[PDB]
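Enquirer: turn this into a structure:
(chains A, B, C and D)
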Amino acid sequence: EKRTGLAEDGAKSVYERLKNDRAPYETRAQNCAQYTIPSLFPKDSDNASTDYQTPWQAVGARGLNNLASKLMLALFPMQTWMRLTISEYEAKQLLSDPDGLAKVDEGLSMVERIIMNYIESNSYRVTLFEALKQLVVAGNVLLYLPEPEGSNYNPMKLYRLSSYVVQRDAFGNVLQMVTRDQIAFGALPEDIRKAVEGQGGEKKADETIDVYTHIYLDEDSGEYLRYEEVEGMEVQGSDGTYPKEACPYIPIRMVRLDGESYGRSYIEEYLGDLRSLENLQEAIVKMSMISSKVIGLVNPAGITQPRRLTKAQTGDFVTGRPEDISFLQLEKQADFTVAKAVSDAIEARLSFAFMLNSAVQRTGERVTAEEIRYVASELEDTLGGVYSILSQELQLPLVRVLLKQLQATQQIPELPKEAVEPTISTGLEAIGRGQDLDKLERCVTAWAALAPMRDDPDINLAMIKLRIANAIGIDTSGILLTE
Amino acid sequence: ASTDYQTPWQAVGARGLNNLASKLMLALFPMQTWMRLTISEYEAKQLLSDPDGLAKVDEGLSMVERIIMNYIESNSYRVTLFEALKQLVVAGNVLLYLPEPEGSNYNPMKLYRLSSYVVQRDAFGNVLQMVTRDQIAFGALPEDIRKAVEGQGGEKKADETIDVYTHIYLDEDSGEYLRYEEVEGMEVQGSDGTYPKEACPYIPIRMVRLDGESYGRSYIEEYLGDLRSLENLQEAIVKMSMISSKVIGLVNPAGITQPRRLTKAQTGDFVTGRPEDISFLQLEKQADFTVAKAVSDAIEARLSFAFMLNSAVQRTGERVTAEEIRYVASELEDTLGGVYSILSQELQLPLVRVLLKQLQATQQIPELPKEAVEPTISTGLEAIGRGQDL
Amino acid sequence: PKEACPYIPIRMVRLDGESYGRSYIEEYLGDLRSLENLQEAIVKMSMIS
Amino acid sequence: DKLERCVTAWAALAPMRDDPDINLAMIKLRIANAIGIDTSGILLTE
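Expert: Numbers count the residues shown, from 1 in each chain, chains lettered A, B, ... in the order given. What follows is the structure:
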């Protein structure tokens, strides 16, 4: 009845203590936002009628959205993107019965379809796109998917970097998290209203109430404990025990670093050439505006005078020489050409770096056939390890929390006891279900090349079909007859 | 911890490291089967007769290859291997360690970058000893280590960091490794280990080996200087650009025009002055700018043929698995020197070998004969596909 | 009921802790207005001709 | 595009119904299941 161990002083205390170590990542987030798209991460004061200004450069703004879109095209497509398989007891099972694992395939495809349906229904696509924009501009996002509590609408609560905190060790084991939702008293969950009301004093409807959610490692066991706190007291009937692997609070980092509790954004690594673009581009716009100020210089040594140019109607003769009036130009030409040259040469870097279109995806883009393969292969070509690190950090828990809670609610089908608790694959190993569409297509054409004779003498047919199939990426374990 | 890394002035390095790591992964750990399990020196008894006889052996070994591949896909070795390849290209040494599986639950592979381990060798390359220096919190320790630390004395906080050390050493008696753990100056009870010579779970990987030298030197080291000569030569240019982005209006004092009258005038206001009086300060490095840009380009060309940056090879409609892995590996041995083969001997042999030991020590052995229970392994271009050439 | 509210308030680009929405044109307003000025002049400078 | 290219990939499986040394029941499912097809009424079970 007293929280001990890591949660010794309540959630607000831990949150305010760890906010100091949160702060620099937030500063980086603000800077990256100021150079890319300013609204996407405000400052903590600069809210509510603050008029974000566009950056002088446009490559940042294009680049953040393009990179988030391509990450979403390769990480959460229309297709099945997870894979549910069986290990270390299938050696009992997969030895015999190539007709036996077909029931297991049907059961697991049923489970994959039901997870995908829960994805499409509850609008995880919208919140995941938002989370990817946060994960590219800033370094850290925190997703939380609640208990479903019915088949009604249950979206996923996002947490941008300002409103949560995470402490780690030098591994990357998450020791503790605290979130800092600010909800109105009127729209609270019902149990929390009574817990706040018990503290005392009547409340207005729109008076803001800050909750804090704390998740911590136990001093006793290897499982998480969660509680809520409002105003300095643990919320009654909001206790929680969570297993080690099915933690519903998922903290996501884009680029990890050793012995460091948070993540650093992908835009950070190319920030400087971003800001060097900014300056170099800024000037140009400013230097343009100087050109847009006509000043007529009249030469005092001459004759012509502007009480007579101006008052004359059009096509009126008037007295004067033409060498007297001139106009003030701005003769930066060599500076303008060198500034434009380095501006271009820096946008080229940021275009190969942010996947801006260098004639890859323009020429008649389609869906689902060769497309997701190409997108993911390019996203691992550039971007470093974003697509794989992101797949380990994001998709494993997003399948794992779903697979826990949904099958803890819905129906378990026919499939055996070694496939009730399955293993999950997520990345390029899990796109499609089979290895490669091009493999199966060219393998079928290579089989069609084996037209001429069934019982062709002086040759084999049973092994060479297996060999042409087994040279390309085919399983060859149900594709070919044994007996 | 809040140090704000700065981007380099050149961009060829950044593109190049990621491209090289990606192409190494495309040719070293693809979607396909990438190891090969075969039989030697007793198959001469067996392969003489029964061309229908080795088909059962083929089926058994393809079953074992599939089960190793499944354990690869499930436990996310792809993510940690990509990280390890980026470490192995930028720095010279990585240390992978795959633990005992202890069930079919999630077991990823613990990486160790160069700062946190150490390796002593002889002038062969026999690994004599390794020590790793994981820094784990007291709260998230394994259960046996918590009691070993607690026995040392004093209560501990939850987030108080505890440095373990893992030591692996050659025996003075036999030719097998011995491992132990240590916290705070005492060997951890119930953490003893004896490991066979070939199935060592701690795999130290070097990119480019050198004789009589215990560590590895990165591939970026060999082209570092032309990298840094790019850096400087490029740096200036950006700096020299910024000088151009400072408008200073020089007004000629000998003349008439004066800037209390240019500025206050609205647009299209006549005002007095001659045009030869105001000019603007340019930066007249033009021949220096053209020679600097020329040598910059000519040095990026080298680093592009050196880091496999796109010189119109992989752009024109890239596909998967058919002619692709062959082409990638053949080019990665064309350039890069011996990276693809040295890396295959150092990396893929132990990563198959440790798996093949521990998994088949846990899971089921099929029908196949006694000369194929303990097989031989092929890894590189000899093992891409199963057959020789599509 | 909570889910079938016939009054639907729509925001284009949402922000945290802020009751309204900010338009998509806002984010590119400035380069919009810098076009405006830079273009305005030109038309004015034409008319002098 | 998935259904169209999947139907053409099935049409590539012309030559023989009862073609020896090969399966047909699973490979149609696999070529369909590599691209974005539900495969849950598209293919016969029983």
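Enquirer: and the strands in the stretch 151-300 of chain A?
Expert: A:157-159, A:164-168, A:174-179, A:182-184, A:208-217, A:224-230, A:240-242, A:249-253, A:295-298 (DSSP state E, counting those that start in this stretch).
Enquirer: nearest to chain D, out of the ones you listed?
Expert: strand A:249-253 (25.6 Å; CB to the nearest CB). Every residue, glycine included, has its C-beta placed from N, CA and C.
Enquirer: which residue, other than its chain neighbours, is closest to the spatially most central residue of chain A?
Expert: What sits nearest the mean C-alpha location of chain A, by CA atoms, centre = their mean, is residue A:132, with 1.8 Å. Nearest non-adjacent residue to residue A:132, counting by CB to CB, 6 or more residues apart in numbering or on different chains: residue A:68, 4.4 Å away.
Enquirer: wait, a helix at that neighbour?
Expert: Yes. Residue A:68: assigned to a helix according to DSSP: H, G, I helix; E, B strand; the rest coil.
Enquirer: state the distance from it to chain C.
Expert: Residue A:68 sits 14 Å away from chain C, taking CB to the nearest CB, to the nearest Å as the criterion.
Enquirer: got the residues of the stretch 101-250 of chain A near chain B?
Expert: A:167, A:169-171, A:173, A:175, A:217-219, A:222, A:245 (CB under 8 Å from any CB of the partner chain).
Enquirer: in helices only, show me these.
Expert: Among these, DSSP state H puts none in helices.
Enquirer: pull the contacting residues for the one residue in chain A that gets nearest to chain C.
Expert: Chain A approaches chain C most closely through residue A:292 (3.6 Å), counting by CB to the nearest CB. If you count contacts by CB atoms under 8 Å, 6 or more residues apart in numbering or on different chains, residue A:292 has them with B:267, C:37-38, C:40-42, C:45.
Enquirer: now residue A:271
Expert: So residue A:271 contacts A:31-32, A:35, B:7 (CB under 8 Å, 6+ apart).
Enquirer: who wins for most neighbours among these?
Expert: With neighbours taken as other CB atoms under 10 Å in any protein chain shown, the top of the contacts of residue A:271 is residue A:32, carrying 27 neighbours.
Enquirer: that one reaches residue A:138, doesn't it?
Expert: Yes. The criterion here is CB atoms under 8 Å, and residue A:32 meets it with residue A:138 at 6.7 Å.
Enquirer: which neighbours do those two share?
Expert: Common neighbours of residue A:32 and residue A:138 (CB under 8 Å, 6+ apart) are A:41, A:265.
Enquirer: now residue A:373. Nearest residue, chain neighbours left out?
Expert: Leaving aside its sequence neighbours, residue A:373 sits nearest to residue B:320 (CB to CB, 6+ apart; 5.6 Å).
Enquirer: still on that earlier bit, of the contacts of residue A:271, which is the nearest to chain D?
Expert: residue A:32 (34.5 Å).
Enquirer: surely that closest one is within a helix?
Expert: Yes. Assigned with three-state DSSP, residue A:32 falls within a helix.
Enquirer: that one and chain B: what is the separation?
Expert: 12 Å.
Enquirer: can you name the residues that contact that residue?
Expert: A:41, A:137-138, A:265, A:267-268, A:271.
Enquirer: which residues does residue A:251 contact?
Expert: Applying CB under 8 Å, 6+ apart, the residues contacting residue A:251 are A:140-142, A:164, A:166, A:174, A:177.
Enquirer: try 10 Å
Expert: For residue A:251, the contact set (CB atoms under 10 Å, 6 or more residues apart in numbering or on different chains) comprises A:140-144, A:159, A:164-166, A:168, A:174, A:177, A:215, A:261-263, A:393, A:397.
Enquirer: which strand residues bridge it?
Expert: residue A:142 (DSSP bridges).
Enquirer: repeat for residue A:226
Expert: residue A:215, residue A:240.
Enquirer: wait, doesn't it sit right on residue A:243?
Expert: No. Residue A:226 lies out of contact with residue A:243 (CB atoms under 10 Å); the separation is 11.8 Å.
Enquirer: test my guess that residue A:395 contacts residue A:428.
Expert: No. The pair residue A:395 and residue A:428 does not pass the contact test of CB under 10 Å, sitting 11.4 Å apart.
Enquirer: picking that back up, phi first, then psi, for the residue nearest to residue A:373.
Expert: As for residue B:320, its main-chain torsions (degrees, to the nearest 10) stand at phi -120, psi 150.
Enquirer: OK, contacts around the residue in chain A sticking out farthest from the centre?
Expert: Centroid-distance maximum for chain A: residue A:319 at 70.3 Å, with CA atoms, centre = their mean. Residues near residue A:319 by CB under 10 Å, 6+ apart: A:303-305, A:308-309.
Enquirer: can you pull the contacts of residue A:473?
Expert: A:434-436, A:438-440, A:443, B:30-34, B:320-322, B:325, B:385.
Enquirer: next: residue A:195.
Expert: A:188-189, A:211, A:228-231, A:233-238.
Enquirer: for residue A:399, give me its contacts.
Expert: A:81-84, A:112, A:115, A:119, A:424-426, A:430.
Enquirer: show me the two of these that sit farthest apart.
Expert: The span of the contacts of residue A:399, defined through CB to CB, is set by A:119 and A:425 at 16.9 Å.
Enquirer: please save the CA atoms from stretch A:63-78 in PDB.
Expert: The C-alpha trace of stretch A:63-78 is given here as PDB (Å, rounded to 0.1, in the frame of the first residue of the first chain):
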ATOM      1  CA  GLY A  63      12.100  16.400 -47.000                       C
ATOM      2  CA  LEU A  64      10.500  15.700 -43.600                       C
ATOM      3  CA  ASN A  65       7.100  14.900 -45.200                       C
ATOM      4  CA  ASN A  66       8.700  12.800 -48.000                       C
ATOM      5  CA  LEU A  67      10.700  10.800 -45.500                       C
ATOM      6  CA  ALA A  68       7.800  10.200 -43.200                       C
ATOM      7  CA  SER A  69       5.600   9.100 -46.200                       C
ATOM      8  CA  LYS A  70       8.200   6.700 -47.600                       C
ATOM      9  CA  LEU A  71       8.700   5.200 -44.100                       C
ATOM     10  CA  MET A  72       5.000   4.600 -43.800                       C
ATOM     11  CA  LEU A  73       4.800   3.100 -47.300                       C
ATOM     12  CA  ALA A  74       7.400   0.600 -46.300                       C
ATOM     13  CA  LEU A  75       6.400   0.000 -42.700                       C
ATOM     14  CA  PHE A  76       2.600  -0.100 -42.600                       C
ATOM     15  CA  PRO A  77       1.200  -0.900 -46.100                       C
ATOM     16  CA  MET A  78      -2.100  -2.200 -47.300                       C
END
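Enquirer: how far away from the center of its chain is it?
Expert: Centre-to-centre, stretch A:63-78 and its host chain are 8 Å apart (CA atoms, centre = their mean, to the nearest Å).
Enquirer: now do stretch A:360-371
Expert: 21 Å.
Enquirer: endpoints of it, how far apart?
Expert: Stretch A:360-371 has an end-to-end distance of 11 Å (CA to CA, to the nearest Å).
Enquirer: outside of that stretch itself, list whatever touches it.
Expert: A:66, A:70, A:73-74, A:77-79, A:355, A:374-375, A:378, A:432, A:436-438, A:441, B:315, B:317-320, D:1-6, D:9, D:34-37.
Enquirer: coming back round to it: what's near enough to touch the residue nearest to residue A:132?
Expert: A:40, A:128-137.
Enquirer: swap the cut-off to 8 Å and go again
Expert: Residue A:68 sits in contact with A:129, A:132-133, A:136, where contact means CB under 8 Å, 6+ apart.
Enquirer: I appreciate the help and will end here.
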